[PDB]
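Novice: task: produce atomic coordinates for the following.
(5 chains, ligands or ions: 6)
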Amino acid sequence: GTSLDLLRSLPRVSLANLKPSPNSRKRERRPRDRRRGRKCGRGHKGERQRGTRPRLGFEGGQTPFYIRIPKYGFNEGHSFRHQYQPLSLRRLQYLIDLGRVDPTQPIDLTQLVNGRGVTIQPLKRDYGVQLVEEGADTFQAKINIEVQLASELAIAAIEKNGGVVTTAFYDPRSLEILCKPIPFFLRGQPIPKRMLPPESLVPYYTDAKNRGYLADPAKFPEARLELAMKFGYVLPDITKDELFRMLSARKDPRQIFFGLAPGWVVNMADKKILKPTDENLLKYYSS
Amino acid sequence: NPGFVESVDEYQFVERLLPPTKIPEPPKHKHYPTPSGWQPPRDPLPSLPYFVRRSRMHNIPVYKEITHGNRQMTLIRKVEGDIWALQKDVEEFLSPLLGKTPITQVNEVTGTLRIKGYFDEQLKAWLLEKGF
Amino acid sequence: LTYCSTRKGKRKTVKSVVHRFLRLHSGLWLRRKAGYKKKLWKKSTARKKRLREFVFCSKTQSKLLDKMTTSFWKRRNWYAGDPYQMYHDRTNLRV
Amino acid sequence: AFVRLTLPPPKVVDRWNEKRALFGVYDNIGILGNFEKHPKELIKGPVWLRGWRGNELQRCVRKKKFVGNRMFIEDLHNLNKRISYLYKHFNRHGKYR
Amino acid sequence: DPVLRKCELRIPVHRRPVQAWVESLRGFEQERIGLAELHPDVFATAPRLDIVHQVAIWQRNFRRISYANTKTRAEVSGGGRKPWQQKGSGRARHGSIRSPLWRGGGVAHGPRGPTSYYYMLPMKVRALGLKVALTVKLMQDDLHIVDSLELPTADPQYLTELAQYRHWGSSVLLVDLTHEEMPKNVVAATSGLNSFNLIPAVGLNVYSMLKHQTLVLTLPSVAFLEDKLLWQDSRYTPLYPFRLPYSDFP
Ligand SMILES: [Mg+2]
Ligand SMILES: [Mg+2]
Ligand SMILES: [Mg+2]
Ligand SMILES: [Mg+2]
Ligand SMILES: [Mg+2]
Ligand SMILES: [Mg+2]
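Specialist: Numbers count the residues shown, from 1 in each chain, chains lettered A, B, ... in the order given. Ligands and ions are numbered 1, 2, ... in the order given. The coordinates are given below.
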């Protein structure tokens, strides 16, 4: 624009002409002068001028406020409670529209992470993502998605458009590998197995109404229909759909990645995969 | 005999896992506005003196901000050309709603415009009409 | 408190605060009432009801409690089934 | 006060010697080099403060961790005494609580 | 045969490109041999001198380590005993001959040990500074795009006279694509010159551009610089260090 024309007229830019942005630096004040010297802002002789006032929270000898209030367990066990990041249907629809997630293929945590759709902190006790009903009315996509937790209304929205949603469990060690797979391959170790849910979480993941990954497949057809009746839509049949194979794809309950089995080694340097030939090893991984 | 057998066929799944470094360009849609609400810049470009560019995420750069805990403002950021012309248009567009001329700041060095009060939704719709 | 620790050079949390108060992400703090388990036989029915409640803290108490805890206790927590999910935010507040 | 009675000998500075001419080269090694090296790895100095900064108490404790076991007896005695003095100043004294 | 170059990357529709004369060094009069186009987003950014100030100061300060030191009253030799008793003497009260008040005593507030000044500016900010510096040289007519650095003779005098002939500055910075393949003739001529400096493309920095009056870029380096800087725009944040494998990044 016109600004660059000004440069042509003005003298050369050099190390003798530099200037900071105005107001970017304040002035630091030393106690030399009369305004800021003498008593130097500390007051008259006492404990505070000399520099030895009591600590924060001390009230002069009466029992302090933060210790006269009774103890109660608001934060008991906080470091052991499980955490799930929320993913709303507004956010999911937004991501598909801009092309940062590919709806043709199945969607799992790895694909969500790779598109910056979600940020996962395993060291802060994140165990995965839960689908949230907000934005359900305007969801107009057909997809295959796997999440750790789901809500009643969120499941309805996905399926009404002819899609599949399922709930799956990952352990702390597996979750770290899932989010950042490439650094694991650089280590040179075999892929580990996936542990089953703790005892308390077994009822949730073996229940059809939750779309669990360990529930009886025979009972799914009944559950899907009842949602259609309750929320007033017609249950579509996906077997007719051309993409039935994609929508039906599901991984083994002891598998982390779709096309890879426990016990394999990924040699990324020369694009090869190594498999063990020992019966004891094969039996261990397959169990 | 070695204990490992090497196969090259299954590496395709590993290739899927690789993450990208560049933001993908949005995909073409038959019907706009897109179900979320996103709408791409219109073609041909507007002929106004000032041009407003989009962010790396392909959104209109209008932001709500606060300071001191009680001062509410809205910001239009990536302006090229004559920033002063844009100020005149914003004052005319917003003046009837307020009942007074809005208070504004123009930053020529950073090419941004700052307005007192929250007017992000109206400005976003207003800019789309002009087709930036 | 410890402003600069020997081993890491960081501030330290006062753990007697963590055992007595709850912090909502907006900046509020919750507590109980002193004496809510003591000599209930000599307290009226209205007096006992007031004791059972959860109560908020003043501005000066909130300021002091913030200095005595580190940032880790001030983050966003996403607990499934949280019974305080609706109290972490403010609505219709002009201030 | 007393002042010089003669002018000091002149100082002549060569502004195009090798050190001055090539100052700054390779400060963009990462962005222009595909990020194989971080610019901090270009720094020369004490082992315990390469690519790191801290206050005096932090510097003293960091020095002990890196080379504390390879130090002379008397130097180590003084370092330990400095740490305890700085600990009591930064945790018990000052205007602001 | 004009040498015409086009930007490989996509120029924004609303921005017209900018151009400069291609030149050669084989002769004293081969000033113009071609015409070239330069991406507007690199060579036509806004003229921000505050950012140039920041990057220049970062370069100078992030390396600094000061070795100034002083002894406290604890580390000076001697000083253990109380000199005389509190009362009777009629002198001022004193407890050690090595306090700051005494001649030969310790220093109360002096420099302490080796100290570092390290800090890092955000990567996008440092990349932006390079674009602004390149823009400034072009708009002020201090940039000269060249096809190659080949020279007829290795005599240092020839290069100096050429700079006088074409109205160059007293100090010239010359950039070539890579260190290993730099032409033999150029290396011999520059090595004996204080003010004419030869560096590879990866060594370009804001500080050297300010120090040297005129910049000389070969065409292959222009494509090199354009690629790296424009990548910083339209990228994600890093999931992990960029040196690790990525789908589409070297
Ligand atoms: Mg000071
Ligand atoms: Mg988080
Ligand atoms: Mg002593
Ligand atoms: Mg003694
Ligand atoms: Mg004494
Ligand atoms: Mg001395």
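
Novice: residue contacts, the residue of the stretch 51-200 of chain A found nearest chain C?
Specialist: Proximity to chain C, evaluated over the stretch 51-200 of chain A using Cβ to the nearest Cβ, is greatest for residue A:74 at 3.7 Å. C-beta here means a position set from N, CA and C on the backbone, and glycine is covered the same way. Neighbouring residues of residue A:74 by Cβ atoms under 8 Å, 6 or more residues apart in numbering or on different chains: C:21-22, C:30.

Novice: which SSE is it in?
Specialist: Assessed by DSSP states H and E, residue A:74 sits outside every helix and strand.

Novice: what residue in chain B comes nearest to chain D?
Specialist: Closest to chain D within chain B is residue B:21: 11.0 Å, counting by Cβ to the nearest Cβ.

Novice: quick one: secondary structure of the residue positioned nearest the centre of chain B?
Specialist: Nearest residue to the geometric centre of chain B (Cα atoms, centre = their mean): residue B:60, 2.2 Å. Secondary structure, DSSP: H, G, I helix; E, B strand; the rest coil: residue B:60 is coil.

Novice: now swap in residue E:157 and tell me
Specialist: Going by three-state DSSP: residue E:157 is helix.

Novice: kindly list the longest helix within the chain.
Specialist: Using chain A. Criterion DSSP state H: the longest helix present in chain A is helix A:220-230.

Novice: oops, I was thinking of chain D
Specialist: helix D:73-92.

Novice: if we can go back for a sec, excluding its backbone neighbours, what's nearest the residue of chain B closest to chain D?
Specialist: Excluding its sequence neighbours, the residue lying closest to residue B:21 (Cβ to Cβ, 6 or more residues apart in numbering or on different chains) is residue E:249, at 4.3 Å.

Novice: picking up where we left off before, the longest helix of chain D vs chain E: in contact?
Specialist: Yes: using Cβ under 8 Å from any Cβ of the partner chain as the criterion, contacts between helix D:73-92 and chain E involve D:78, D:81-82, D:85.

Novice: out of these, which end up buried?
Specialist: Applying 16 or more other Cβ atoms under 10 Å in any protein chain shown to the residues of helix D:73-92 next to chain E, the neighbour count classes residue D:82 as buried.

Novice: among the residues of helix D:73-92 next to chain E, which pair sits farthest apart?
Specialist: Maximum pairwise distance among the residues of helix D:73-92 next to chain E (Cβ to Cβ): 10.6 Å, between D:78 and D:85.

Novice: for the two, list the residues in contact with both.
Specialist: Joint contacts of residue D:78 and residue D:85 (Cβ under 8 Å, 6+ apart) are residue E:74.

Novice: for chain B, what's the nearest residue on chain A?
Specialist: Relative to chain B, the nearest point of chain A is residue A:259 (3.3 Å; Cβ to the nearest Cβ).

Novice: so that residue sits in a helix?
Specialist: No: checked against three-state DSSP, residue A:259 lies outside a helix; its state is coil.

Novice: what residues of the longest helix of chain D count as buried?
Specialist: Under the neighbour-count criterion of 16+ other Cβ under 10 Å, helix D:73-92 has D:79, D:82-83, D:86-87, D:90-91 buried.

Novice: repeat that for stretch E:165-178.
Specialist: Within stretch E:165-178, the residues scored as buried using 16+ other Cβ under 10 Å are E:168, E:171-177.

Novice: do stretch A:92-101 as well
Specialist: By 16+ other Cβ under 10 Å, the buried positions in stretch A:92-101 come out as A:92-101.

Novice: one step back: thinking the residue nearest to the centre of chain B is in contact with residue B:132, fair?
Specialist: Yes: using Cβ atoms under 8 Å, residue B:60 makes contact with residue B:132 at a distance of 7.4 Å.

Novice: anything in contact with each of those two?
Specialist: With Cβ under 8 Å, 6+ apart as the test, residue B:60 and residue B:132 both reach B:52, B:54.

Novice: do me a favour and get the end-to-end distance for stretch C:2-22?
Specialist: Start-to-end span of stretch C:2-22 (Cα to Cα, to the nearest Å) is 22 Å.

Novice: can you report how many residues lie near residue 19?
Specialist: Using chain A here. Using other Cβ atoms under 10 Å in any protein chain shown, residue A:19 has 9 other residues around it.

Novice: actually chain D
Specialist: For residue D:19, using other Cβ under 10 Å, the count is 7.

Novice: neighbouring contacts of the helix or strand hosting it?
Specialist: Take DSSP H and E as the rule and residue D:19 turns out to sit in helix D:18-21. With contacts defined as Cβ under 8 Å, 6+ apart, helix D:18-21 is touched by D:14, E:194-195, E:197, E:211.

Novice: can you pull out the helices in the chain?
Specialist: Using chain A. Shown for chain A, the helices assigned by DSSP H span residues A:2-9, A:47-50, A:65-68, A:89-97, A:109-114, A:152-160, A:172-179, A:181-187, A:202-205, A:220-230, A:244-248, A:279-286.

Novice: wait, I meant chain E there
Specialist: E:40-43, E:49-61, E:123-139, E:156-165, E:184-191, E:206-211, E:219-232.

Novice: report the closest residue of chain D relative to chain B.
Specialist: Distance from chain B to each residue of chain D (Cβ to the nearest Cβ) is smallest for residue D:35, at 11.0 Å.

Novice: which SS class is that residue?
Specialist: At residue D:35 the chain is in coil, as set by three-state DSSP.

Novice: which residues touch it?
Specialist: Going by Cβ under 8 Å, 6+ apart, residue D:35 touches E:241-243.
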